[PDB]
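Chemist: Here it is: the structure, laid out below.
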Amino acid sequence: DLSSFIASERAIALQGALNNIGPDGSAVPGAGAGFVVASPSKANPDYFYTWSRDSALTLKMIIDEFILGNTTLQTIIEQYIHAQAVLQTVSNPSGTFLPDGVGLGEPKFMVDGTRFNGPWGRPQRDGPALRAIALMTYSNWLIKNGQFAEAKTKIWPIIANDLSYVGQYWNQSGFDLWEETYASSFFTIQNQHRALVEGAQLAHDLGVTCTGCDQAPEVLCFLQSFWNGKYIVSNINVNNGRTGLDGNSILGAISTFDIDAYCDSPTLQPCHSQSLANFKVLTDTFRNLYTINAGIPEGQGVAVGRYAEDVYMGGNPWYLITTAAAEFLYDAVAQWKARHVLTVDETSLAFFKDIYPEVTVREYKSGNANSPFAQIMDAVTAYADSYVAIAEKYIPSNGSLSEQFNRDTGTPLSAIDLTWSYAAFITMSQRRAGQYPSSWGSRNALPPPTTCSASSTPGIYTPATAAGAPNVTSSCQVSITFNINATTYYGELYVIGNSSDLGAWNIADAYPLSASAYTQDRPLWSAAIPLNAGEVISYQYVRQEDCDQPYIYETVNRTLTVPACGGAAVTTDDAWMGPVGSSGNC
Ligand SMILES: *[C@@H]1O[C@H](CO)[C@@H](O[C@@H]2O[C@H](CO)[C@@H](O[C@@H]3O[C@H](CO)[C@@H](O)[C@H](O[C@H]4O[C@H](CO[C@H]5O[C@H](CO)[C@@H](O)[C@H](O)[C@@H]5O)[C@@H](O)[C@H](O)[C@@H]4O)[C@@H]3O)[C@H](O)[C@H]2NC(C)=O)[C@H](O)[C@H]1NC(C)=O
Ligand SMILES: C[C@H]1O[C@H](O[C@H]2[C@H](O)[C@@H](O)[C@@H](O[C@H]3[C@H](O)[C@@H](O)[C@@H](O)O[C@@H]3CO)O[C@@H]2CO)[C@H](O)[C@@H](O)[C@@H]1N[C@H]1C=C(CO)[C@@H](O)[C@H](O)[C@H]1O
Ligand SMILES: *[C@@H]1O[C@H](CO)[C@@H](O[C@@H]2O[C@H](CO)[C@@H](O)[C@H](O)[C@H]2NC(C)=O)[C@H](O)[C@H]1NC(C)=O
Ligand SMILES: *[C@@H]1O[C@H](CO)[C@@H](O[C@@H]2O[C@H](CO)[C@@H](O)[C@H](O)[C@H]2NC(C)=O)[C@H](O)[C@H]1NC(C)=O
Ligand SMILES: *[C@@H]1O[C@H](CO)[C@@H](O[C@@H]2O[C@H](CO)[C@@H](O)[C@H](O)[C@H]2NC(C)=O)[C@H](O)[C@H]1NC(C)=O
Ligand SMILES: *[C@@H]1O[C@H](CO)[C@@H](O[C@@H]2O[C@H](CO)[C@@H](O)[C@H](O)[C@H]2NC(C)=O)[C@H](O)[C@H]1NC(C)=O
Ligand SMILES: *[C@@H]1O[C@H](CO)[C@@H](O)[C@H](O)[C@H]1NC(C)=O
Ligand SMILES: *[C@@H]1O[C@H](CO)[C@@H](O)[C@H](O)[C@H]1NC(C)=O
Numbered sequence: 001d002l003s004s005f006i007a008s009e010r011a012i013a014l015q016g017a018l019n020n021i022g023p024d025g026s027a028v029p030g031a032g033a034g035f036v037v038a039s040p041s042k043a044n045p046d047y048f049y050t051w052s053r054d055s056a057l058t059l060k061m062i063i064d065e066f067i068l069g070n071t072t073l074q075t076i077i078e079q080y081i082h083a084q085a086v087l088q089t090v091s092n093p094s095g096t097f098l099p100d101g102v103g104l105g106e107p108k109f110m111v112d113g114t115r116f117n118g119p120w121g122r123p124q125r126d127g128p129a130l131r132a133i134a135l136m137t138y139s140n141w142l143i144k145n146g147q148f149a150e151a152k153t154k155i156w157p158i159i160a161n162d163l164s165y166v167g168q169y170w171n172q173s174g175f176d177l178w179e180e181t182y183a184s185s186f187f188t189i190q191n192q193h194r195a196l197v198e199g200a201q202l203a204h205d206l207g208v209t210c211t212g213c214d215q216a217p218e219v220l221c222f223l224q225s226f227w228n229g230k231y232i233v234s235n236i237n238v239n240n241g242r243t244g245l246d247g248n249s250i251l252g253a254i255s256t257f258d259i260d261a262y263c264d265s266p267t268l269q270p271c272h273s274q275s276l277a278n279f280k281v282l283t284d285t286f287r288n289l290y291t292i293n294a295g296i297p298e299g300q301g302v303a304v305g306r307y308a309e310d311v312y313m314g315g316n317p318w319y320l321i322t323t324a325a326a327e328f329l330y331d332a333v334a335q336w337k338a339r340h341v342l343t344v345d346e347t348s349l350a351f352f353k354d355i356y357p358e359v360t361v362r363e364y365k366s367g368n369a370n371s372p373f374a375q376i377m378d379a380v381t382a383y384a385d386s387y388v389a390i391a392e393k394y395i396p397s398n399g400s401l402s403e404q405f406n407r408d409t410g411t412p413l414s415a416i417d418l419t420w421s422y423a424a425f426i427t428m429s430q431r432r433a434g435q436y437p438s439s440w441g442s443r444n445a446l447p448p449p450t451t452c453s454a455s456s457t458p459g460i461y462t463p464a465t466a467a468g469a470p471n472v473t474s475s476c477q478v479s480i481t482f483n484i485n486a487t488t489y490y491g492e494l495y496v497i498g499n500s501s502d503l504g505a506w507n508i509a510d511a512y513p514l515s516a517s518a519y520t521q522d523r524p525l526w527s528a529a530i531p532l533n534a535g536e537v538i539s540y541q542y543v544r545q546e547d548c549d550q551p552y553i554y555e556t557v558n559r560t561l562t563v564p565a566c567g568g569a570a571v572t573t574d575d576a577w578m579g580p581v582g583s584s585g586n587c
């Protein structure tokens with residue numbers, strides 16, 4: 001059946017994703033160490049960059065795939081732990097890492113892990129959640145499989161910063177997952193709820209204090225505001241002229257998936273009534289929008305895009321969203337079987353009447369095979385198959401999943417070999433089988449208070465250190481090269498200043514200059530010093546001497562201010578202003 005030709009595409013998708021990940025990635029030449037590229041397409045659209053969302057979302061698949069079957073994925077997982085451990089410290093246009101921990105929200109870096117200076121929709125506030133959720137789903141396996149040390153000592157201090165970010169900044173606005181609307185997004189809030197609830201449980205079992213986990217009830221309280229009568233508005237707290245119907249909604253449910261949960265829960269699961277009623281109106285608008293969905297019935301899946309007002313490269317359906325729309329049904333079908341009950345609410349009745357004509361407002365219970373409960377279950381999973389069916393049509397023969405496939409003609413376009421779309425296909429294919437990840441602890445989640453309160457506890461941000469080894473003394477240090485004309489020996494002189502990095506007026510901790518390009522023509526000593534930005538550093542060169550002779554300072558103290566964070570790599574040009582004393586002979 002179709003089961004064969006999606007099992008083959010899953011295997012292609014593994015390589016498609018893995019080839020985009022450095023260092024040993026076939027698709028990406030350049031830059032490695034555990035940084036996942038979204039797409040190798042350097043040609044427009046230029047997607048040759050690492051997105052902290054895409055990186056953390058595709059690696060969540062890799063970890064969950066690693067849990068069942070593949071063990072060679074451990075190599076790329078453990079480089080990612082090193083990668084993001086470093087990436088944390090990288091000062092970027094959103095902000096620096098230390099003082100308030102603002103730089104973690106920056107969505108996009110170079111395939112290196114150097115800053116992306118260009119203009120962008122920042123901050124995005126969801127990467128920290130997905131990166132926490134990724135590392136928490138790996139570290140909670142390590143504690144279960146007799147490697148507690150790694151989870152506690154090295155992986156945790158990465159997570160500690162990322163859910164400190166969520167604790168401190170959930171209630172301030174950001175950009176949505178589509179990098180467009182500067183507003184409180186549903187996908188961003190629902191995933192960063194999970195990062196506190198699941199993060200609190202791992203903090204408990206590791207035996208450490210999660211700063212930021214406090215806000216889990218208040219984040220869940222605010223998540224109730226997104227619902228809107230018939231459907232769920234994805235971006236709340238702005239007016240951008242959009243409906244609110246958005247793939248954002250589906251992608252939030254599938255990425256915050258739990259099997260032990262019931263549809264009663266206020267975390268808004270795939271099987272929850274309001275989420276089903278959204279899926280109806282959301283998929284029905286795309287059923288009517290695109291020419292591809294010309295007269296497809298109400299009981300059959302269709303090409304799903306991101307929103308009705310989408311204009312990005314035509315306003316098309318997306319591969320990752322159309323697969324996630326199937327996964328949404330495969331999540332819901334599993335949850336009803338898991339909890340053995342279907343309380344079909346009148347708010348969610350419009351969903352079921354398409355799939356099963358003779359539904360009511362009953363509590364359908366897990367009875368016989370061929371009973372009504374099983375018939376609804378077998379119809380919903382059949383409805384899920386039609387979403388992957390129409391996906392299989394517009395997926396090409398060689399299996400190259402792009403970002404989008406065209407609105408009208410259905411041929412592929414946009415970024416070629418998108419890592420998300422491969423991962424989203426794998427996440428879907430897992431859920432077709434019984435391969436569900438784990439209970440992140442939705443039942444143990446603290447329910448929302450009586451009234452919501454605007455709040456955010458200020459978390460603290462220590463470097464990962466054990467994972468990746470930056471260890472930052474202070475925020476955004478800029479490079480500055482001292483050069484000095486000093487006539488002396490052609491090889492084998495120091496520099497001190499009022500700053501701590503230089504010395505603070507002592508010659509034991511003074512920085513030694515190298516005589517690399519010293520010549521008769523140009524007697525240059527030099528030293529590239531990474532020291533703090535925005536400081537009027539008062540420096541002075543000094544000469545160390547042979548046969549235990551004392552040090553010889555220059556006659557005057559120089560001062561030149563090092564420029565502010567975010568570039569301007571200055572190089573000073575001084576000469577020796579004082580007497581070069583007596584040389585040695587001993
Ligand atoms: C930080 O957290 C705090 C809470 O901890 C957040 O504060 C809450 O923000 C909510 C969203 O702005 C707000 O909800 C609305 O409150 C007003 C009254 O102030 C209600 O009238 C609204 O209900 C009505 O509208 C909804 C949706 O219908 C449409 O209309 C609204 C605009 O009115 C649109 O936003 C929406 O897109 C829809 O098109 C209906 O479903 C209702 O039936 C009703 O008609 C909302 O509930 C909370 O009141 C507010 N709470 C407090 C205590 O301040 C804060 O926003 C958050 N900030 C960030 C950045 O995350
Ligand atoms: C890849 C991204 O492209 C689109 O958005 C970005 C634009 O391409 C850029 O031009 C830039 O826009 C800024 C203007 O240049 C600047 O003049 C100023 O007005 O600010 C603008 C931004 O506010 O940055 C845009 C992003 O903010 C497109 O709208 C967006 O959806 C695209 N993102 C997708 C790509 C990936 C790849 O990993 C996914 O992470 C996202 O979910 C996708 O939505
Ligand atoms: C487990 O992961 C490995 C990658 O580490 C997969 O290996 C690829 O398998 C395909 C099979 O068609 C080959 O064509 C590739 O050449 C393999 N690549 C490498 C680098 O080994 C493997 O298929 C995965 N297995 C399962 C069961 O998921
Ligand atoms: C696999 O199929 C994809 C379908 O996208 C091929 O990508 C196209 O490659 C050609 C090369 O000339 C480009 O002109 C097209 O623009 C690409 N497609 C898109 C959507 O941009 C890919 O080359 C194929 N790989 C093979 C046959 O090895
Ligand atoms: C990271 O660097 C700082 C200094 O920039 C180190 O801080 C010292 O920590 C030790 C205890 O481990 C204290 O006794 C010192 O007083 C601290 N300050 C200084 C200025 O030395 C810190 O230990 C480093 N961390 C790692 C893991 O190497
Ligand atoms: C340090 O020595 C270098 C020697 O090159 C000086 O740089 C030269 O300065 C002269 C000024 O007459 C220029 O004509 C040359 O083109 C410069 N050469 C280079 C390589 O820069 C420099 O000015 C000296 N600095 C101080 C502070 O005395
Ligand atoms: C270095 O000296 C300058 C003199 O203007 C001063 O402003 C600055 O604060 C000093 N920095 C120190 C002592 O770290
Ligand atoms: C200037 O340098 C001398 C070196 O001995 C030092 O003692 C003095 O404190 C410095 N003064 C300033 C203002 O930098």
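Numbering (mature numbering (1 follows the signal peptide of the UniProt record, and there is no 0)) for the sequence shown: 1 to 492, 494 to 587. All C-beta atoms in this analysis are idealised placements derived from N, C-alpha and C, irrespective of residue type, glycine included.
1. Could you check the C-alpha separation between residue 265 and residue 192 for me, to the nearest Å?
2. Can the beta-carbon of residue 181 be found closer than 8 Å to that of residue 237?
3. Hey, quick one: how far does the beta strand (DSSP E) through residue 529 stretch, first residue to last?
4. For residue 171, list the residues DSSP reports as bridge partners.
5. Determine the direct distance from the alpha carbon of residue 136 to that of residue 330, and round the result to whole angstroms.
6. Okay, do the segment 147-161 and the segment 216-224 touch, 3+ Cβ pairs below 8 Å being the bar?
7. Determine the contact status of residue 60 and residue 134, defining contact as a CB-CB distance below 8 Å.
8. Residue 374 by DSSP, collapsed to three states: which one?
9. When you measure from the CB of residue 396 to every non-hydrogen atom of ligand 4, does any distance come out below 7 Å?
10. Measuring straight from C-alpha to C-alpha, what distance separates residue 77 and residue 154?
11. Return the Cβ separation of residue 428 and residue 388 in integer angstroms, given the expectation that the two are a contact with Cβ distance under 8 Å.
12. Confirm, please, whether the CB-CB distance from residue 210 to residue 216 is below 8 Å.
13. With H, G and I counted as helix, E and B as strand and the rest as coil, what does DSSP make of residue 493?
14. Assign residue 395 to one of three DSSP states: helix, strand, or coil.
15. What do you get for residue 272, buried or exposed, if any count of 16 or more other CB atoms within 10 angstroms of its CB means buried?
16. Per DSSP, which one or two residues make a beta bridge with residue 95?
17. Measure how close the beta-carbons of residue 33 and residue 23 come, nearest whole angstrom, since I'm counting them as under 8 Å.
18. Would you mind listing the beta strand (DSSP E) stretches within the segment 13-41 that are 3+ residues and don't spill past its ends, in chain order?
19. Take residue 542 as the anchor and find which of 495, 314 and 550 has the nearest alpha-carbon.
20. Would the beta-carbon of residue 391 fall within 8 Å of that of residue 322?
21. Do you know how far the Cα of residue 422 is from the Cα of residue 20?
22. Looking at the structure shown, is residue 405 part of a helix, part of a strand, or coil, going by DSSP?
23. Are the beta-carbon atoms belonging to residue 347 and residue 274 less than 8 Å from one another?
24. Measuring CB to CB, does residue 364 end up less than 8 Å from residue 344?
25. Going by the CB atoms, is the gap between residue 122 and residue 90 shorter than 8 Å?
26. Kindly indicate which residue of 370, 44, 287 and 521 has the alpha-carbon position closest to the one of residue 408.
27. Report the three-state DSSP secondary structure of residue 493 (helix, strand or coil).
28. Any heavy atom of ligand 3 inside 7 Å of the beta-carbon of residue 18?
29. In the DSSP assignment, find the alpha helix (DSSP H) that holds residue 186 and state where it starts and stops.
30. Label residue 58 either buried or exposed according to how many other C-beta atoms from any shown protein chain fall within 10 Å of its C-beta, with 16 as the threshold for buried.
31. Taking 7 Å as the cut-off, does the CB of residue 499 come closer than this to any heavy atom belonging to ligand 8?
32. Using DSSP's beta-bridge definition, name the partner residues of residue 227.
33. Is DSSP giving residue 8 helix, strand or coil here?
34. Could you name the residues whose beta carbon sits closer than 7 Å to any heavy atom belonging to ligand 5, keeping them in chain order?
35. Using CA coordinates, which residue listed in 452, 74 and 395 is at the minimum distance from residue 9?
36. Starting from the C-beta of residue 444, find all residues in its chain whose C-beta is less than 8 Å away, skip the five residues before and the five after it, and write them out in chain order.
Modeler: Checking against the coordinates, here is how it stands:
1. Cα-Cα distance, rounded: 17 Å.
2. Between residue 181 and residue 237, the CB-CB gap reaches or exceeds 8 Å.
3. Boundaries of the beta strand (DSSP E) harbouring residue 529: 525-533, taken from the DSSP string.
4. In the DSSP output, where bridge partners are listed per residue, residue 171 has none listed.
5. C-alpha separation (whole angstroms): 24 Å.
6. Not touching, per the Cβ criterion.
7. Their beta carbons are under 8 Å apart, which means residue 60 touches residue 134 by this criterion.
8. Residue 374 falls in the helix class under three-state DSSP.
9. A distance criterion of 7 Å places the beta-carbon of residue 396 in contact range of ligand 4, judged by its closest non-hydrogen atom.
10. Cα to Cα, residue 77 sits roughly 14 Å from residue 154.
11. About 7 Å separates the CB atoms of residue 428 and residue 388; that is less than 8 Å, so the two are in contact.
12. With a cutoff of 8 Å on beta-carbon distance, residue 216 and residue 210 are scored as not near each other.
13. Along the chain, the last residue before the gap is 492 and the first after it is 494, so residue 493 carries no coordinates.
14. DSSP places residue 395 in coil when its eight states are reduced to three.
15. Label assigned to residue 272: buried.
16. Its beta-bridge partners are 92.
17. Yes, they are in contact, since the Cβ atoms of residue 33 and residue 23 sit about 6 Å apart, within 8 Å.
18. None, since the segment 13-41 contains no complete beta strand (DSSP E) of that length.
19. For the residues 495, 314 and 550, the minimum Cα distance to residue 542 belongs to 495.
20. In this structure, residue 322 lies closer than 8 Å to residue 391 by Cβ.
21. Pairing residue 20 with residue 422, the inter-Cα distance amounts to about 10 Å.
22. In this structure, DSSP gives residue 405 an extended state, which the three-state scheme calls strand.
23. Result yes, Cβ atoms of residue 347 and residue 274 sit closer than 8 Å.
24. When the beta-carbon positions are compared, residue 364 and residue 344 come within less than 8 Å of each other.
25. Result no, Cβ atoms of residue 90 and residue 122 do not sit closer than 8 Å.
26. In terms of CA proximity to residue 408, 287 leads the group 370, 44, 287 and 521.
27. Coordinates for residue 493 are simply not present: the residues of the chain run from 492 and resume at 494.
28. Distances from the CB of residue 18 to the heavy atoms of ligand 3 include at least one below 7 Å.
29. Residues 186-206.
30. By the Cβ-count criterion, residue 58 is buried, with 16 or more other Cβ atoms from all chains shown falling within 10 Å of its own Cβ.
31. Residue 499: yes, Cβ under 7 Å from ligand 8.
32. Per DSSP, the beta bridge partners of residue 227 are 232.
33. Three-state result, residue 8: helix.
34. Residues whose Cβ lies closer than 7 Å to any heavy atom of ligand 5, listed in chain order: 465, 471 and 473.
35. Closest option to residue 9, Cα to Cα, is 395.
36. Scanning its chain for C-beta atoms nearer than 8 Å, with the 5 sequence neighbours on each side dropped, one finds around residue 444 the residues 197 and 201, in chain order.
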